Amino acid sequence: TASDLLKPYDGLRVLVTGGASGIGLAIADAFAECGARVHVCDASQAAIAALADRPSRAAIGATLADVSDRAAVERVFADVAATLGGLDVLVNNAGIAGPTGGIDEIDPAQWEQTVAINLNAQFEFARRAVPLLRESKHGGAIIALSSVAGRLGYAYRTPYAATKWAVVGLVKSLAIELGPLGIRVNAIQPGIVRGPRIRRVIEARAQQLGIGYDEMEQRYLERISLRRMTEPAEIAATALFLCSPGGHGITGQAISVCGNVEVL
């Protein structure tokens, strides 16, 4: 049935990293709207506090954790085990923009921090989630958040691009490795996504190039085939589709949700 082909499996146990704001919250709330038992971790106490008692919103569990903090990561899984009691979906969503600048300009600690959060934390969560996901009635799923910078080069954003390409290779390797266990592994590659984060990116890149914000933003928009920024709800919908009967045969793939970003 076409109707239920597109309905995410009911009752999924979902963990979304960096899930109390932005795209991660859009994903977490979308799963929660579909009968999922959702837990998020997030680095922002204010973001976590803002989740509670939102009138139109099912409850979501939350752990304060910086994803590059191993003790904190273990607390996330302890909190998941104590409440969800299992795991069907890991959304490896947490990430930072990293520095903007020439490779000879950027601060080494900012490079390493971008790698630790955007890449090493993907491993830290995947290594702990795999023993849970292999027990999922639906075939376990890992959904990793790459970027259009994981399929294109991105001048003045080398640590960001490096990690987003790394996520693609990590997904394609895990898809082969975990496929026979039943665990699907895909990357979503968001484009230019409307919200506070991209405005910080545009502002920083405008400063890097010596041009105004309005001109920098226009350069981004004219390089989208649809001439329109991506909405976070499009990323959430794609994640839901991967966890529906119709999409649960997809694995090993990077799905760019971007209006066709033509070049960065």
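Residue positions are given as counts along the sequence shown, with the first one as 1.
Student: Per the PDB record, is the mean Cα temperature factor higher over 21-29 or over 6-14?
Tutor: Per the PDB entry, the higher value belongs to 6-14.
Student: Which is higher in the entry, the mean Cα B factor of 104-112 or that of 149-157?
Tutor: Result: 104-112.
Student: Out of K172, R134, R194, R127, whose C-alpha atom has the biggest B factor in the entry?
Tutor: Result of the comparison over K172, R134, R194, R127: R194.
Student: Name the one of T63, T230, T238, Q207 with the greatest CA B-factor according to the PDB entry.
Tutor: Answer, based on the entry's C-alpha B-factors: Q207.
Student: Grab the CA temperature factor for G85 from the record and place it in the lowest, middle or highest third of its chain.
Tutor: According to the entry, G85 has a C-alpha B-factor in the chain's highest third.
Student: What third of its chain, lowest, middle or highest, does the C-alpha temperature factor of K164 fall into?
Tutor: As the PDB entry reports it, the C-alpha B-factor of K164 lands in the lowest third of its chain.
Student: Taking the chain's C-alpha temperature factors as the reference, tell me which third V67 falls into: lowest, middle or highest.
Tutor: Highest third, going by the recorded CA B-factors of the chain.
Student: Per the entry's values, where does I117 land by CA temperature factor relative to the rest of its chain, in the lowest, middle or highest third?
Tutor: Answer is lowest: the recorded C-alpha B-factor places it there.
Student: Could you tell me which third, lowest, middle or highest, the C-alpha B-factor of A36 occupies within its chain?
Tutor: Answer is middle: the recorded C-alpha B-factor places it there.
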